[PDB]
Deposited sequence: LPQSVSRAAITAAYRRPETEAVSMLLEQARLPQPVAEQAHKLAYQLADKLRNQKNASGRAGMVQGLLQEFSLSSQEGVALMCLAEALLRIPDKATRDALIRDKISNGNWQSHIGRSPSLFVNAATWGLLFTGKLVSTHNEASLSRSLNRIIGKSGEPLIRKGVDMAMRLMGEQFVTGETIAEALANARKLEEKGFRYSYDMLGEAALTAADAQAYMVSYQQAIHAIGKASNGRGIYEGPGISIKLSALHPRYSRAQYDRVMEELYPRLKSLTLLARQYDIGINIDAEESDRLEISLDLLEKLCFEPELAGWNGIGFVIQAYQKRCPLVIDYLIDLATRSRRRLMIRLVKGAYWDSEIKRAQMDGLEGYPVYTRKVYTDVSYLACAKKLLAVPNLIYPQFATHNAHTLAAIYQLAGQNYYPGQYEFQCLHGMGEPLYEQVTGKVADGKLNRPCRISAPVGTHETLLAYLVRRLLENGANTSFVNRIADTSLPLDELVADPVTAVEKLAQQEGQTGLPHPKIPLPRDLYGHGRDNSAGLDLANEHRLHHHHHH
């Protein structure tokens, strides 16, 4: 292994106290930036939570809930009475006065809950919905749903669907290019049967030609093509496929190759070192999507079943936040080698990146990204003209495309993300949680914990090492 590859391998499951301790100073926002990040986060979160005055309206209630000392069911009864009285037109009059059931229930609940996250059933239908937000400065990346191909036929169907999508998106793009125009994202698990346990030689012989073919096609249309990151035990093979791809003669001089890295992995900073080296050696700018990570629940369960030395991911959410900030700094440092794409729905994460990116923004410096159905509310404050009170930073929406038959795995990941009490999108709905706690700085949070617990970066109390 190369120096940078060896360093990745060695960091696979290193102890959390150690990993978190190393990240801390790399993630720390310089005091001035910290404060600007705080103010911007607070404001973003305020406008988002209180768009329709959901807090000021709670305040008006409690103001009467005390002046009369009434209960919940009490105050409501009064409002109904007041409503009925307001429907009196004249003021004077008002004044004077088996298993299939279960199998189907799950299918239906998935489809009902899933609609909000799907852009369209077909690529043409998704493209049709693009202009509305593209006219406002948003960009799109299309995500053909369907993964973990089980058969050769499965993988073939996915391959054909991706090709068709690229032709369609590429015709829609119409020369707009990899930054300003739409792109596509692909899952390697979709292109090779039984990817989860696939061996190196079969992946190269079979998966790679498909990856190359799609990438050449994307390049012909000059659209971005991004490789999604999946389970942690596929990181290594994904790097081998990326390595090989970046040295294809037909791809020389083209900067449309994109790759996701997951901040919840202890390996993330080390993967960045490798990528910086790869960009240098292959003479290109890589489009790098920095994400926190979508498979956390399964990663913990997987590690606990394999009874290994440790976890490949962090066990406290705040450590993932710290990792993301440290990694973001590393990416922003090398604008000649990387085009960073900062995927987040978290107002603080967004504000911190906005500040870390420094003065003198230019369009091709970086972009934000979000998931359809989750990020638009927040990024409506961000993408757009400064005169209209926006930040004038581009956001690319990831737009799932497919029918109910391909929706399951993606939906479950969205359920987990939205429903977790640690998630920003969950906590911002909790009007009992003060904005300041919601946008609290992750580094300072970690230092608080370290003081209270006796050392930095201890694992989650409820998540012991697999061997315990």
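(message) Ranges lacking C-alpha coordinates, please, mapped onto the deposited sequence and listed in sequence order.
(response) Those parts of the chain that were deposited but carry no coordinates are 1-2, 100-154, 526-551.
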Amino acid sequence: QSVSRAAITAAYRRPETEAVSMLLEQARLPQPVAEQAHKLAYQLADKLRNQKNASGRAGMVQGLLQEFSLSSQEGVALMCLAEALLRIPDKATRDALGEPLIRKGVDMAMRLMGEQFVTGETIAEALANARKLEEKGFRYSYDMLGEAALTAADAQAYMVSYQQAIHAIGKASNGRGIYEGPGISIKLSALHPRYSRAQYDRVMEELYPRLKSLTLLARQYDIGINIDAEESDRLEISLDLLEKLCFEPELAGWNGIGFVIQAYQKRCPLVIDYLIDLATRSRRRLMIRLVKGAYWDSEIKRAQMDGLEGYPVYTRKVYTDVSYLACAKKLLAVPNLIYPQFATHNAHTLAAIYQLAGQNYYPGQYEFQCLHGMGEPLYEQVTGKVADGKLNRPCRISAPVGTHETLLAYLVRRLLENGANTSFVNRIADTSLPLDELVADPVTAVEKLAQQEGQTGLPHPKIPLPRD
From here on, numbers count along this sequence of modelled residues.
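(message) Quick check: 55-63 versus 425-433, which has the larger average CA B-factor in the record?
(response) Going by the record's values, the stretch with the higher mean is 55-63.
(request) Between 3-11 and 458-466, name whichever shows the higher mean Cα B factor according to the PDB entry. (result) Higher of the two, by average CA B-factor, is 3-11.
(message) Between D388, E231, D277, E243, which one tops the list for Cα B-factor in this entry?
(response) Highest C-alpha B-factor among the listed residues goes to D388.
(message) Looking at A148, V76, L239, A218, which one carries the largest C-alpha B-factor according to the PDB entry?
(response) Of the candidates given, the C-alpha B-factor peaks at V76.
(message) Based on the deposited C-alpha B factors for this chain, I'd like to know if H404 is in the lowest, middle or highest third.
(response) For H404, the deposited C-alpha B-factor lands in the highest third.
(message) Quick check on the deposited entry: does the C-alpha B-factor of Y314 sit in the lowest, middle or highest third of its chain?
(response) According to the entry, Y314 has a C-alpha B-factor in the chain's lowest third.
(request) Classify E35 as lowest, middle or highest third according to the C-alpha B-factor given in the PDB entry, relative to its own chain. (result) Top third by C-alpha B-factor.
(message) Test of reading the entry: by CA B factor among the chain's modelled residues, which third contains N336?
(response) Lowest third, going by the recorded CA B-factors of the chain.
(request) Please rank the C-alpha B-factors of the chain's modelled residues and tell me whether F259 sits in the lowest, middle or highest third. (result) It falls in the bottom third of the chain.
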